[PDB]
Amino acid sequence: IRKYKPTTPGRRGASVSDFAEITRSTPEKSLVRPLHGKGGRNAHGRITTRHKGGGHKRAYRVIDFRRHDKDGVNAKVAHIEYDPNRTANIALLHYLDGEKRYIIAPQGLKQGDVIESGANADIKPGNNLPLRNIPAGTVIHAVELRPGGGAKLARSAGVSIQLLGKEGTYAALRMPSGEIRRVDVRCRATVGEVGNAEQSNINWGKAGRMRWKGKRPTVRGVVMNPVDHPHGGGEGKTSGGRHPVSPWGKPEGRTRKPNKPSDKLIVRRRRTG
RNA sequence: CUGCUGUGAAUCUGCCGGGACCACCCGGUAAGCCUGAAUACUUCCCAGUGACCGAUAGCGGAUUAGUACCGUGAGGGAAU
RNA sequence: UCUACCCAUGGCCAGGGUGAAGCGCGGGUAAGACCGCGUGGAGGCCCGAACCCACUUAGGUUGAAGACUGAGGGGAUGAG
RNA sequence: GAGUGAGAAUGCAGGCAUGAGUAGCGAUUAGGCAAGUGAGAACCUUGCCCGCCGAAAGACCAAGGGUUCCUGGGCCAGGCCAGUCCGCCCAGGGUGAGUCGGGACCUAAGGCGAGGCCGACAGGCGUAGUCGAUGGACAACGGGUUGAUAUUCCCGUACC
RNA sequence: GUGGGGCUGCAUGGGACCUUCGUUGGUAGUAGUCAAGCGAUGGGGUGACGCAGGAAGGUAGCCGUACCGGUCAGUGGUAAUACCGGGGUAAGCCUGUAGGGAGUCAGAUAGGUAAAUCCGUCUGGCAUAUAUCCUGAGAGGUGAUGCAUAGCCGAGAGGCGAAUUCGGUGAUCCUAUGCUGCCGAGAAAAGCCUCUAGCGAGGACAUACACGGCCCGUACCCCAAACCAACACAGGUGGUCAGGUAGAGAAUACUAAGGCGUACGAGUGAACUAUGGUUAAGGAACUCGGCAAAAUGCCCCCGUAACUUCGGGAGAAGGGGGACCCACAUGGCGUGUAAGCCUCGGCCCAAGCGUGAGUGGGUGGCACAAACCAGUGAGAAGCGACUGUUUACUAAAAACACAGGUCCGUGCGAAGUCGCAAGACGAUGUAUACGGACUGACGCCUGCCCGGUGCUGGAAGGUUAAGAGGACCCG
RNA sequence: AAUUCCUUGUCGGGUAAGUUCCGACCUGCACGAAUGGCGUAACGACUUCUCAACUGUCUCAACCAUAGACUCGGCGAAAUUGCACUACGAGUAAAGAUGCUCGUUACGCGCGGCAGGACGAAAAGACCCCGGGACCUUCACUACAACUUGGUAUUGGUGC
RNA sequence: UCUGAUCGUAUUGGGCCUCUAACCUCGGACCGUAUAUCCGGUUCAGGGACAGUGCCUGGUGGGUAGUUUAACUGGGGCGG
RNA sequence: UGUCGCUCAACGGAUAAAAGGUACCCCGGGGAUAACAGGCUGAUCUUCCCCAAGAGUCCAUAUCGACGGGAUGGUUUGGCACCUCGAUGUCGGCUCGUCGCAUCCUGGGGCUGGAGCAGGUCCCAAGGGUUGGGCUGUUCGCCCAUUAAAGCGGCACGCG
């Protein structure tokens with residue numbers, strides 16, 4: 001966190017991430033694939049996700065999330081690199097082999113330090129392992145849901161899963177959301193808590209700083225017309241005049257997995273508060 | 001009589017119809033396939049006909065006519 | 001092909017102020033914290049042309065124009 | 001036997017009156033004289049003055065237009081007036097590339113999409129591919145001529 | 001159940017018999033294999049990218065000038081000591097300057113879907129050199145004994161045609177996709193070079209000569225009477241050049257190059273309307289309302305209040321000087337030649353050429369930012385935090401949005417949405433994330449109520465559909 | 001009070017005078033806490049009020065110049081239109097008279113100006129009522145999309 | 001055989017448990033395929049008679065559609 | 001054949017089954033029907049009387065005149081719906097006015113509870129005059145300075 005001095009009215013309550021730990025300004029030519037911003041529109045071209053205006057263009061920087069091969073092959077990080085489309089800095093592994101890859105870069109991962117994938121890995125911050133090998137209680141991330149499928153949980157900034165007791169074939173992983181979902185064991189995970197927890201203390205300061213970042217203005221529901229939202233016109237400031245409701249009339253309740261889904265693994269859901 | 005979804009048999013003392021349904025009599029032989037004429041129609045061509053029009057009529061169009069023009073476009077659409 | 005938003009790829013923004021972080025020096029101290037000085041040139045910063053709008057007023061009001069013209073007006077490195 | 005009788009439907013098509021020989025004649029630059037051409041001159045042709053634009057009202061392109069360019073001719077149509085003039089009318093001519101802007105080189109967004117999947121049917125998506133510059137790669141400059149073309153023709157020197 | 005006795009059986013660590021592996025002895029550096037070159041449709045590098053902003057080097061232009069050609073512009077003065085016009089020339093080819101960037105050689109490895117001498121990666125070695133390589137504005141030479149051009153001539157065409165140095169100023173253009181920052185993290189693919197796979201007995205290079213070079217666009221307009229506007233329409237239209245003198249400037253005033261006088265005129269002091277001008281005395285009395293005008297306005301010094309989120313407010317407010325000539329001044333500053341020194345070199349550098357700012361003395365006017373251009377200021381309240389957005393064509397705001405806040409949903413081909421579905425967006429994202437709802441920075445806060453209506457959970461009761469179940473009844 | 005009808009509430013300040021403005025009182029018809037409450041530096045072509053300077057806004061208008069207007073020459077429309085050698089008064093009338101009544105005034109035809117009337121032109125009233133549409137809303141009615149419940153088919157063995 | 005407690009053999013339903021063979025997997029690896037995150041196939045690893053999709057059936061359902069929403073009335077509305 | 005099932009009560013009963021908004025509105029109509037003006041009326045309003053109970057030390061009448069009665073005007077709120085809905089533009093202000101007298105000033109007079117100056121009231125009289133500001137969109141009104149005075153009204157609440 002670094003607070004901008006309140007010089008102009010848009011940098012008053014602003015802050016910008018230090019970006020500390022970033023060894024290199026530019027990503028490797030070999031790994032940075034390209035992705036055009038889609039606009040919030042599917043193949044029919046219609047506004048499908050709303051509020052997704054064009055934002056500075058980005059380049060993809062392939063992280064692989066599986067790392068099944070070369071478990072024994074040690075690695076060393078070379079650089080921690082900034083990534084646009086994560087909420088993270090991404091570490092760059094050179095293997096002994098010399099192939100170059102990208103990791104979502106946990107905390108305490110200095111530049112230079114030796115990590116190792118595979119089954120006889122030591123439990124260090126940074127390295128892959130199945131859930132078979134990890135001692136219960138340690139903080140793991142990336143984990144995944146289905147074996148070989150690749151990392152699909154705890155990928156965000158400073159956000160990590162705690163592995164409670166595995167009991168045979170299933171391991172009870174208690175999510176960042178406090179939800180307790182039993183993955184199977186032969187899935188992998190990456191030991192360590194994910195880096196860059198300093199963000200979300202960022203205020204984006206001014207209005208257009210969240211536009212560069214790709215987000216368009218959100219007209220809230222009341223101001224529109226009766227045609228145009230359930231919270232229609234009225235004559236003055238309407239509260240909504242009805243129970244609060246998605247712009248397509250769907251009630252603001254539930255919306256979780258429909259009944260009869262494959263929720264066998266979910267042994268306890270998150271909480272309201 | 002016919003579609004979809006379930007159930008689902010019998011071959012002649014069988015089976016189906018005779019306006020719910022049952023009994024007797026009547027009729028017919030399903031779950032297989034073709035089948036001409038009688039009938040409808042007129043882009044085109046021929047031969048005619050008119051108590052049909054005669055150039056604001058008769059086709060939008062007797063004259064460069066779906067032309068000029070109008071319109072992004074579909075489309076509209078003259079006059080002599 | 002107008003206009004509303006979005007995607008890809010280009011191009012434009014005369015000129016003049018202001019002086020943030022960082023950096024370098026000096027004071028300070030135990031190091032500090034901090035305080036002056038230079039550098040540096042940030043900003044949905046400032047003044048103002050192109051350019052984009054259209055606030056006020058006058059005209060026009062069978063207009064020069066089926067929405068413009070003149071004097072002023074706002075933005076003008078950015079949500080352009 | 002009737003498409004059978006109009007004065008009126010803010011009725012339709014053509015024609016023509018009233019307003020009326022009225023209002024206008026489209027800027028913020030401005031014209032004058034001399035001489036000519038001609039039946040005819042405020043406007044056309046030339047000279048001398050005067051004024052206007054000069055980050056344009058100058059010079060070059062894209063797009064779009066279509067011969068409007070040049071030469072000769074014309075002045076019943078048009079030009080908000082007249083016209084000998086014209087961006088108008090007629091007839092003939094004029095547009096020359098290894099290097100410029102493109103294609104034969106390449107892809108972005110996106111379009112189409114073999115098969116394929118989905119779909120009662122029509123069709124909806126999409127993989128390989130294959131198109132798509134507003135971008136990338138690629139070899140040329142200076143002068144001269146025509147009544148009209150010039151990095152195109154020619155001259156001098158180059159490069160792929 | 002309690003400890004010590006057991007054989008044997010199972011289980012464990014270690015060396016040895018065979019096997020297998022390791023090692024040297026003759027052969028077998030021979031039967032074996034690669035080695036000219038084109039080298040991929042394959043591999044790898046490169047192509048390969050953002051925004052802001054100086055600083056330096058240049059250069060284009062421009063202004064002067066040595067020098068060349070010329071004029072007497074019927075006036076008071078000026079014969080060349082004044083004035084007018086010249087004072088040019090490109091791509092390429094040489095050199096490799098300023099600037100900018102780079103360690104190189106060997107060995108090992110299968111990581112790059114097969115193979116690699118390439119690319120990675122790890123080891124060592126010698127290196128930090130103004131070395132070498134790469135890139136590269138510009139200067140210089142050549143291109144150019146040509147082409148050009150001021151003028152000269154007779155007379156539309158022809159020919160002749162001198163000098164062609166030096167400074168200064170200065171780009172938004174070039175170096176430059178460079179460099180330093182910064183967060184918002186900035187297309188791919190052909191091309192180019194290399195690597196082997198594979199082709200291969202021919203093939204590469206140099207010099208010369210002779211050749212081939214395809215298709216379309218090419219006129220003319222192009223900020224317009226030729227395009228879109230029904231019109232020879234006061235509107236709209238993207239890019240490239242960017243002269244001078246003042247000026248900070250592409251503002252504006254005049255003006256060069258070049259183009260226009262653009263298509264109803266002649267008049268005439270009517271009223272009145274439109275656009276301009278000026279006004280005694282008063283100065284908002286006008287009026288819905290200081291609307292419209294008028295005023296202020298530039299540069300440098302002095303000066304600055306409450307309040308404050310400590311950044312501002314602020315150019316607050318208010319005030320002074322500004323012209324021309326001369327003196328310090330042959331001074332300074334910039335640039336830099338010849339000479340001077342040192343080791344496409346560097347330093348200073350008389351002169352020249354340019355240019356402030358200030359003190360001092362004057363001079364003149366009514367007026368010295370003299371024209372054009374060019375803030376009105378202050379105090380208070382309401383709403384909105386702000387910069388933005390909006391009803392094209394009567395509403396620009398207090399409305400929208402916003403940064404920030406809370407809640408609800410969402411565990412992942414998620415929720416949500418578009419589609420009949422597959423499929424896609426969300427997102428090549430993973431609860432510090434996405435979606436929805438409200439509020440709208442900041443500061444201090446956000447009280448009570450779950451009865452109604454919703455939402456979330458719970459099945460103990462009542463009440464409830466199809467499906468099974470066919471008593472009794474009827475034909 | 002962007003909410004307060006009564007209400008120009010009452011008191012205080014500014015003004016010579018203040019239905020607007022600023023501070024306060026509380027009897028809030030009918031403020032009130034994320035449809036947020038109260039504040040608030042900076043910011044506003046926002047709304048309201050006061051002042052300084054300055055002015056034709058005014059007291060109270062004047063003069064000058066352009067472009068129209070006016071005159072002569074050229075081309076030359078338009079909306080409107082039952083007529084026509086289309087006076088005024090007091091009346092009368094579908095209740096506001098150029099046309100009817102009784103009187104009064106007034107030669108014929110133009111031109112430049114001003115706008116009282118022609119219930120002036122334009123737009124088959126935007127208000128109001130009747131009829132019909134539209135679109136929007138909801139505990140109006142009736143359906144449907146979508147979501148969800150159970151059966152049964154796809155669809156089976158095993159044990160309790 | 002009865003007023004009724006009961007097993008064992010079939011049928012017939014309800015519930016739960018697990019299994020794998022239907023089916024499902026946007027979970028992997030190979031093949032079509034030189035190219036290919038589509039699709040198809042083989043196999044592994046999982047779910048698993050559940051889900052999904054038919055047919056039947058009850059709910060919620062301004063999300064959406066079609067329409068109704070009286071007349072008298074000293075103009076309508078409110079009242080009656 | 002006999003009877004039964006409907007606040008079908010909007011009771012001759014449009015369906016077994018149905019509520020609102022529109023200032024975002026639209027279309028067909030209507031002066032059958034409202035708004036603004038005009039017209040009839042005159043409840044109300046305004047001006048003026050008739051009677052005289054009383055107040056006025058006495059005295060009804062100098063001046064007020066209750067309780068009652070009768071009218072004028074057509075200016076207030078109206079009542080009616082006759083003109084106009086195939087269009088009669090609204091309040092204020094400004095500019096320009098013209099008329100009435102039921103006179104605010106000036107002029108002439110009668111009576112006084114008129115000593116004088118100044119008043120009151122009535123009668124005659126419309127020639128001219130009848131201010132400028134503050135607040136309000138304001139008409140009205142309050143106010144501040146004056147004045148001889150700061151008139152009342154009509155004319156589509158005169159005049160777009």
# chains A, B, ... in the order shown; residues from 1 in each chain; ligands from 1
$ closest_atom_pairs --of "chain C" --to "chain A" --cutoff "9 Å" --atoms "only C-alpha atoms (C1' of nucleotides)" --output "Markdown table"
| residue | atom | partner | partner_atom | distance |
| --- | --- | --- | --- | --- |
| C:5 | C1' | A:53 | CA | 8.7 |
| C:6 | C1' | A:39 | CA | 5.8 |
| C:7 | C1' | A:38 | CA | 6.9 |
| C:8 | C1' | A:36 | CA | 8.6 |
| C:20 | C1' | A:5 | CA | 6.9 |
| C:21 | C1' | A:4 | CA | 8.0 |
| C:43 | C1' | A:8 | CA | 6.9 |
| C:44 | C1' | A:208 | CA | 6.0 |
| C:45 | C1' | A:8 | CA | 6.1 |
| C:79 | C1' | A:208 | CA | 4.5 |
$ write_last_selection --atoms "N, CA and C atoms (P, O5', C5', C4', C3', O3' and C1' of nucleotides)" --output "PDB file, in the first residue's frame"
ATOM      1  P     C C   5     -22.535   6.339 -26.510  1.00  0.00           P
ATOM      2  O5'   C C   5     -21.891   4.925 -26.221  1.00  0.00           O
ATOM      3  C5'   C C   5     -21.976   4.359 -24.931  1.00  0.00           C
ATOM      4  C4'   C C   5     -22.088   2.857 -24.985  1.00  0.00           C
ATOM      5  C3'   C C   5     -20.849   2.097 -25.387  1.00  0.00           C
ATOM      6  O3'   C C   5     -19.899   1.999 -24.354  1.00  0.00           O
ATOM      7  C1'   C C   5     -22.704   1.203 -26.517  1.00  0.00           C
ATOM      8  P     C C   6     -18.343   2.040 -24.718  1.00  0.00           P
ATOM      9  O5'   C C   6     -18.069   0.596 -25.295  1.00  0.00           O
ATOM     10  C5'   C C   6     -18.206  -0.542 -24.470  1.00  0.00           C
ATOM     11  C4'   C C   6     -18.198  -1.796 -25.292  1.00  0.00           C
ATOM     12  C3'   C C   6     -16.912  -2.077 -26.039  1.00  0.00           C
ATOM     13  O3'   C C   6     -15.905  -2.645 -25.229  1.00  0.00           O
ATOM     14  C1'   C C   6     -18.732  -2.357 -27.499  1.00  0.00           C
ATOM     15  P     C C   7     -14.364  -2.433 -25.609  1.00  0.00           P
ATOM     16  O5'   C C   7     -14.167  -3.353 -26.875  1.00  0.00           O
ATOM     17  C5'   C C   7     -14.145  -4.757 -26.747  1.00  0.00           C
ATOM     18  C4'   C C   7     -13.822  -5.388 -28.064  1.00  0.00           C
ATOM     19  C3'   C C   7     -12.561  -4.894 -28.731  1.00  0.00           C
ATOM     20  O3'   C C   7     -11.369  -5.425 -28.203  1.00  0.00           O
ATOM     21  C1'   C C   7     -14.281  -4.943 -30.305  1.00  0.00           C
ATOM     22  P     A C   8     -10.024  -4.573 -28.322  1.00  0.00           P
ATOM     23  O5'   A C   8      -9.563  -4.746 -29.827  1.00  0.00           O
ATOM     24  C5'   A C   8      -9.187  -5.994 -30.369  1.00  0.00           C
ATOM     25  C4'   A C   8      -8.871  -5.821 -31.825  1.00  0.00           C
ATOM     26  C3'   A C   8      -7.832  -4.767 -32.137  1.00  0.00           C
ATOM     27  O3'   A C   8      -6.497  -5.213 -31.997  1.00  0.00           O
ATOM     28  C1'   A C   8      -9.703  -4.432 -33.511  1.00  0.00           C
ATOM     29  P     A C  20       6.253  19.627  -4.933  1.00  0.00           P
ATOM     30  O5'   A C  20       5.543  18.231  -4.671  1.00  0.00           O
ATOM     31  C5'   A C  20       4.218  18.166  -4.177  1.00  0.00           C
ATOM     32  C4'   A C  20       3.667  16.775  -4.312  1.00  0.00           C
ATOM     33  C3'   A C  20       4.660  15.657  -4.073  1.00  0.00           C
ATOM     34  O3'   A C  20       4.872  15.380  -2.703  1.00  0.00           O
ATOM     35  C1'   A C  20       3.517  15.242  -6.071  1.00  0.00           C
ATOM     36  P     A C  21       6.351  15.049  -2.186  1.00  0.00           P
ATOM     37  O5'   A C  21       6.577  13.548  -2.651  1.00  0.00           O
ATOM     38  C5'   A C  21       5.813  12.495  -2.090  1.00  0.00           C
ATOM     39  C4'   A C  21       5.840  11.270  -2.964  1.00  0.00           C
ATOM     40  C3'   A C  21       7.166  10.546  -3.056  1.00  0.00           C
ATOM     41  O3'   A C  21       7.402   9.685  -1.963  1.00  0.00           O
ATOM     42  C1'   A C  21       6.288  10.832  -5.216  1.00  0.00           C
ATOM     43  P     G C  43      -0.080  11.467 -14.705  1.00  0.00           P
ATOM     44  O5'   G C  43      -1.107  12.291 -13.825  1.00  0.00           O
ATOM     45  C5'   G C  43      -1.710  11.713 -12.677  1.00  0.00           C
ATOM     46  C4'   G C  43      -2.328  12.753 -11.776  1.00  0.00           C
ATOM     47  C3'   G C  43      -3.649  13.314 -12.258  1.00  0.00           C
ATOM     48  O3'   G C  43      -4.459  13.638 -11.137  1.00  0.00           O
ATOM     49  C1'   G C  43      -2.067  15.054 -12.135  1.00  0.00           C
ATOM     50  P     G C  44      -5.842  12.867 -10.924  1.00  0.00           P
ATOM     51  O5'   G C  44      -6.483  12.875 -12.364  1.00  0.00           O
ATOM     52  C5'   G C  44      -7.193  14.003 -12.820  1.00  0.00           C
ATOM     53  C4'   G C  44      -8.071  13.618 -13.957  1.00  0.00           C
ATOM     54  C3'   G C  44      -9.261  14.518 -14.200  1.00  0.00           C
ATOM     55  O3'   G C  44      -8.936  15.601 -15.048  1.00  0.00           O
ATOM     56  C1'   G C  44      -9.878  12.214 -14.262  1.00  0.00           C
ATOM     57  P     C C  45      -9.121  17.120 -14.580  1.00  0.00           P
ATOM     58  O5'   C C  45      -8.238  17.260 -13.275  1.00  0.00           O
ATOM     59  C5'   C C  45      -6.847  17.513 -13.382  1.00  0.00           C
ATOM     60  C4'   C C  45      -6.379  18.549 -12.401  1.00  0.00           C
ATOM     61  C3'   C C  45      -6.414  19.971 -12.915  1.00  0.00           C
ATOM     62  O3'   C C  45      -7.695  20.566 -12.918  1.00  0.00           O
ATOM     63  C1'   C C  45      -4.316  19.586 -11.991  1.00  0.00           C
ATOM     64  P     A C  79      -8.319   9.313 -17.015  1.00  0.00           P
ATOM     65  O5'   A C  79      -9.554   8.452 -17.478  1.00  0.00           O
ATOM     66  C5'   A C  79     -10.870   8.908 -17.247  1.00  0.00           C
ATOM     67  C4'   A C  79     -11.879   8.085 -18.002  1.00  0.00           C
ATOM     68  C3'   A C  79     -12.471   8.762 -19.225  1.00  0.00           C
ATOM     69  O3'   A C  79     -12.707   7.809 -20.253  1.00  0.00           O
ATOM     70  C1'   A C  79     -14.177   8.345 -17.629  1.00  0.00           C
TER      71        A C  79
END
$ residues_around --residues "residue 79 (chain B)" --least-positions-apart "2" --cutoff "12 Å" --atoms "only C-alpha atoms (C1' of nucleotides)" --output "PyMOL selection string"
(chain B and resi 56+61+63+65+67-69+77) or (chain D and resi 13-14)
$ write_last_selection --atoms "C-alpha atoms (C1' of nucleotides)" --output "PDB file, in the first residue's frame"
ATOM      1  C1'   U B  56     -57.437  10.785 -65.962  1.00  0.00           C
ATOM      2  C1'   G B  61     -47.001   0.161 -68.149  1.00  0.00           C
ATOM      3  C1'   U B  63     -44.780   6.541 -76.031  1.00  0.00           C
ATOM      4  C1'   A B  65     -42.006   1.036 -68.072  1.00  0.00           C
ATOM      5  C1'   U B  67     -38.272   2.927 -66.781  1.00  0.00           C
ATOM      6  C1'   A B  68     -36.878   7.972 -64.809  1.00  0.00           C
ATOM      7  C1'   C B  69     -37.287   9.347 -59.971  1.00  0.00           C
ATOM      8  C1'   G B  77     -43.396   4.179 -58.282  1.00  0.00           C
TER       9        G B  77
ATOM     10  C1'   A D  13     -55.093  14.399 -61.979  1.00  0.00           C
ATOM     11  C1'   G D  14     -54.198  18.377 -65.286  1.00  0.00           C
TER      12        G D  14
END
$ residues_around --residues "residue 61 (chain H)" --least-positions-apart "2" --cutoff "10 Å" --atoms "only C-alpha atoms (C1' of nucleotides)" --output "PyMOL selection string"
chain H and resi 52+63+65
$ write_last_selection --atoms "N, CA, C and O atoms (P, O5', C5', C4', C3', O3' and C1' of nucleotides)" --output "PDB file, in the first residue's frame"
ATOM      1  P     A H  52     -90.458  58.249   9.954  1.00  0.00           P
ATOM      2  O5'   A H  52     -89.553  57.654  11.114  1.00  0.00           O
ATOM      3  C5'   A H  52     -90.175  56.932  12.163  1.00  0.00           C
ATOM      4  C4'   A H  52     -89.196  56.143  12.989  1.00  0.00           C
ATOM      5  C3'   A H  52     -88.446  56.951  14.040  1.00  0.00           C
ATOM      6  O3'   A H  52     -88.275  56.186  15.215  1.00  0.00           O
ATOM      7  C1'   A H  52     -86.916  55.921  12.563  1.00  0.00           C
ATOM      8  P     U H  63     -75.462  66.126   7.712  1.00  0.00           P
ATOM      9  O5'   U H  63     -74.543  65.176   8.593  1.00  0.00           O
ATOM     10  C5'   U H  63     -73.133  65.191   8.444  1.00  0.00           C
ATOM     11  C4'   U H  63     -72.465  64.318   9.470  1.00  0.00           C
ATOM     12  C3'   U H  63     -72.810  62.852   9.362  1.00  0.00           C
ATOM     13  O3'   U H  63     -72.044  62.207   8.368  1.00  0.00           O
ATOM     14  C1'   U H  63     -72.948  63.541  11.620  1.00  0.00           C
ATOM     15  P     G H  65     -73.688  54.954   8.650  1.00  0.00           P
ATOM     16  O5'   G H  65     -75.222  54.907   9.040  1.00  0.00           O
ATOM     17  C5'   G H  65     -75.801  53.702   9.501  1.00  0.00           C
ATOM     18  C4'   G H  65     -76.592  53.915  10.761  1.00  0.00           C
ATOM     19  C3'   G H  65     -77.985  53.319  10.767  1.00  0.00           C
ATOM     20  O3'   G H  65     -77.971  51.957  11.139  1.00  0.00           O
ATOM     21  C1'   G H  65     -77.995  55.512  11.695  1.00  0.00           C
TER      22        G H  65
END
$ residues_around --residues "residue 144 (chain D)" --least-positions-apart "4" --cutoff "10 Å" --atoms "only C-alpha atoms (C1' of nucleotides)" --output "PyMOL selection string"
(chain D and resi 154-155) or (chain E and resi 147)
$ closest_atom_pairs --of "chain A" --to "chain G" --cutoff "9 Å" --atoms "only C-alpha atoms (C1' of nucleotides)" --output "CSV"
residue,atom,partner,partner_atom,distance
A:146,CA,G:27,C1',6.0
A:147,CA,G:27,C1',6.2
A:148,CA,G:28,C1',6.1
A:149,CA,G:27,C1',5.6
A:248,CA,G:63,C1',6.9
A:249,CA,G:63,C1',6.1
A:250,CA,G:63,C1',8.0
A:260,CA,G:51,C1',7.1
A:261,CA,G:51,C1',7.3
A:262,CA,G:51,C1',8.1
$ atom_distance --atom1 "CA of residue 64 (chain A)" --atom2 "CA of residue 162 (chain A)"
22.3 Å
$ residues_around --residues "residue 41 (chain C)" --least-positions-apart "5" --cutoff "9 Å" --atoms "only C-alpha atoms (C1' of nucleotides)" --output "PDB file with N, CA, C and O atoms (P, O5', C5', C4', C3', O3' and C1' of nucleotides), in the first residue's frame"
ATOM      1  P     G C  19       4.604  25.979  -7.382  1.00  0.00           P
ATOM      2  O5'   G C  19       4.999  24.450  -7.223  1.00  0.00           O
ATOM      3  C5'   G C  19       4.066  23.505  -6.708  1.00  0.00           C
ATOM      4  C4'   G C  19       4.390  22.102  -7.157  1.00  0.00           C
ATOM      5  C3'   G C  19       5.693  21.540  -6.600  1.00  0.00           C
ATOM      6  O3'   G C  19       5.546  20.168  -6.263  1.00  0.00           O
ATOM      7  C1'   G C  19       5.747  21.494  -8.962  1.00  0.00           C
TER       8        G C  19
ATOM      9  P     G E  53       3.689  14.821 -22.086  1.00  0.00           P
ATOM     10  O5'   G E  53       5.141  15.099 -21.528  1.00  0.00           O
ATOM     11  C5'   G E  53       5.329  15.519 -20.194  1.00  0.00           C
ATOM     12  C4'   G E  53       6.732  15.239 -19.744  1.00  0.00           C
ATOM     13  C3'   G E  53       7.821  15.779 -20.638  1.00  0.00           C
ATOM     14  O3'   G E  53       8.072  17.158 -20.419  1.00  0.00           O
ATOM     15  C1'   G E  53       8.322  13.555 -20.029  1.00  0.00           C
ATOM     16  P     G E  54       8.193  18.171 -21.662  1.00  0.00           P
ATOM     17  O5'   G E  54       9.673  17.943 -22.198  1.00  0.00           O
ATOM     18  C5'   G E  54      10.730  18.818 -21.836  1.00  0.00           C
ATOM     19  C4'   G E  54      11.660  18.170 -20.844  1.00  0.00           C
ATOM     20  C3'   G E  54      13.142  18.311 -21.117  1.00  0.00           C
ATOM     21  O3'   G E  54      13.634  19.538 -20.636  1.00  0.00           O
ATOM     22  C1'   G E  54      12.618  16.073 -20.499  1.00  0.00           C
TER      23        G E  54
END
$ select_by_dssp --residues "region 21-264 of chain A" --states "helix (DSSP H, G or I)" --output "PyMOL selection string"
chain A and resi 209-212+221-223
$ residues_around --residues "region 59-75 of chain F" --least-positions-apart "6" --cutoff "10 Å" --atoms "only C-alpha atoms (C1' of nucleotides)" --output "JSON, numbers by chain"
{"D": [25, 27, 80, 81, 82], "E": [264, 265, 266, 267, 268, 270, 271, 272, 273, 274, 275, 276, 277, 278, 279, 282, 285, 286], "F": [112]}
$ select_by_dssp --residues "region 6-239 of chain A" --states "strand (DSSP E or B)" --output "ChimeraX atom specification"
/A:15-16,24,34-35,41,47,58-59,74-82,89-95,100-103,106,114-116,128-130,139-141,161-167,170-174,180-184,188-191,194
